[PDB]
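Novice: here is the input, now give the coordinates:
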Amino acid sequence: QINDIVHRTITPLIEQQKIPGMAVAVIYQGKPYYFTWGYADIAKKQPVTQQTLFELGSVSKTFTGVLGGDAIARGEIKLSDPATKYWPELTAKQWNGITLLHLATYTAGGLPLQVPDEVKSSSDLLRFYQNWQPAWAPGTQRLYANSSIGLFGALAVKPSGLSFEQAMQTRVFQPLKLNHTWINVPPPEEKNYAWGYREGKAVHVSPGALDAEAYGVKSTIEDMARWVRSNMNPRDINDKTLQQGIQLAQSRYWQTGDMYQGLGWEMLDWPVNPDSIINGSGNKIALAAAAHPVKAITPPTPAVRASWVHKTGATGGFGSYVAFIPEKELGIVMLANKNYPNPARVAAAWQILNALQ
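Specialist: Residues are numbered from 1 along each chain as shown. See below for the structure:
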């Protein structure tokens, strides 16, 4: 049963990685199953519950990709639009030919993993992009980057007239009944906000430019189970543009190695080789490992049901992982208040979902 494989996998993982608190949801034949361990606050012995909020880190990129997909489905943007269409002050010559597709899929030509920590004002942000010099031509190399998809999210909402948070709330969170999912945790919900732990110290994510767009969502294990269900079976969503946007986020725009780049989501063909995904999540020590040549998929392949769809995410004090297999109606969410190595997350998720086929 589900309980046995979950306990048999997560209990050693928590011990090996010294994880202070953890929540897991397994989605199995259209129903969620929840598990919690440990503490949201170690000192106060406040337990992790199904209402504890965890920082999703870069799992937030799946929300940004879906929000962008919804804007496409609304007719507000196209991925073929130039980035300058929505930010005309981006007059620097290197931006000719860079599209929203490039920003969304990390293929603009070497935008850096992090926005520099010295970027504080909007003028600081404009100068950063104006001074950026691409290492490669657009649409040739994938370099995973907050400064890339973060800007995609910020520009994707410009035709709506809404802020990124208002757009995300009204167009994604509220239609899917994610009523305990936040970019900015409101004061009444702070009692539910777990502490993250980095080297035994309690921490929360630090402010940064494009934080909301790139890594800034906090959510419960229940809302994330609903998130996985909605992305696994979009045809069950009654909001047409949101259903379409969810589908567009699992389209395959680029191929590199064994994986395909969606909007936020990343996909591999199912059945998936576990070494392919465990190794693909490892630490990229060498510079060359950060850039991957991409093959254009034109037109993009519409969402393939026989896929392993997944995304890792971390902040200073949290580590999260989401994966699902639409063909098998199977998925998992793993939220922890410690940033522990990605390969450990993927291996545990693999063992659980493999046992449930």
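
Novice: whichever strand or helix holds residue 71 - contacts with which helices or strands?
Specialist: Using DSSP states H and E, residue 71 maps to helix 60-73. Where contact means 3 or more C-beta pairs under 8 Å, 6 or more residues apart in numbering; DSSP states H and E, helix 60-73 is packed against helix 100-104, helix 146-156, helix 164-168, helix 211-215, helix 221-232, helix 240-249, strand 307-314. In short, each C-beta sits where N, CA and C put it, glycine included.

Novice: for the fifth one, which positions count as buried?
Specialist: Neighbour counts over helix 221-232 (16 or more other C-beta atoms under 10 Å) mark 221, 222, 223, 224, 225, 226, 227, 228, 229, 230, 231, 232 as buried.

Novice: next, format those as JSON lines and append distance to residue 241.
Specialist: What follows is the buried residues of helix 221-232, written out as JSON lines (distance: C-beta to C-beta, whole Å):
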{"residue": "221", "distance to residue 241": "27"}
{"residue": "222", "distance to residue 241": "25"}
{"residue": "223", "distance to residue 241": "21"}
{"residue": "224", "distance to residue 241": "22"}
{"residue": "225", "distance to residue 241": "23"}
{"residue": "226", "distance to residue 241": "19"}
{"residue": "227", "distance to residue 241": "17"}
{"residue": "228", "distance to residue 241": "20"}
{"residue": "229", "distance to residue 241": "19"}
{"residue": "230", "distance to residue 241": "14"}
{"residue": "231", "distance to residue 241": "15"}
{"residue": "232", "distance to residue 241": "19"}
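
Novice: closest to residue 328 among those residues?
Specialist: Looking at the buried residues of helix 221-232 and their distance to residue 328, the nearest is residue 232, at 9.4 Å (C-beta to C-beta).

Novice: in this structure the closest one contacts residue 323, no?
Specialist: No. Between residue 232 and residue 323 no contact is recorded; they are 10.4 Å apart, counting by C-beta atoms under 8 Å.

Novice: between these two, which contacts overlap?
Specialist: Residues touching both residue 232 and residue 323 (C-beta atoms under 8 Å, 6 or more residues apart in numbering): 309, 331.

Novice: would you mark the buried spots in the strand ranked longest in the chain?
Specialist: Taking residue count as the measure and DSSP state E as the definition, the longest strand of the chain comes out as strand 31-41. By 16+ other C-beta under 10 Å, the buried positions in strand 31-41 come out as 32, 34, 35, 36, 37, 38, 39, 40, 41.

Novice: from those, pick the one nearest residue 85.
Specialist: The nearest member of the buried residues of strand 31-41 to residue 85, counting by C-beta to C-beta, is residue 32 at 40.3 Å.

Novice: next up, the contacts around that closest one.
Specialist: Residues touching residue 32, when contacts are defined by C-beta under 8 Å, 6+ apart, comprise 25, 26, 222, 225, 226, 229.
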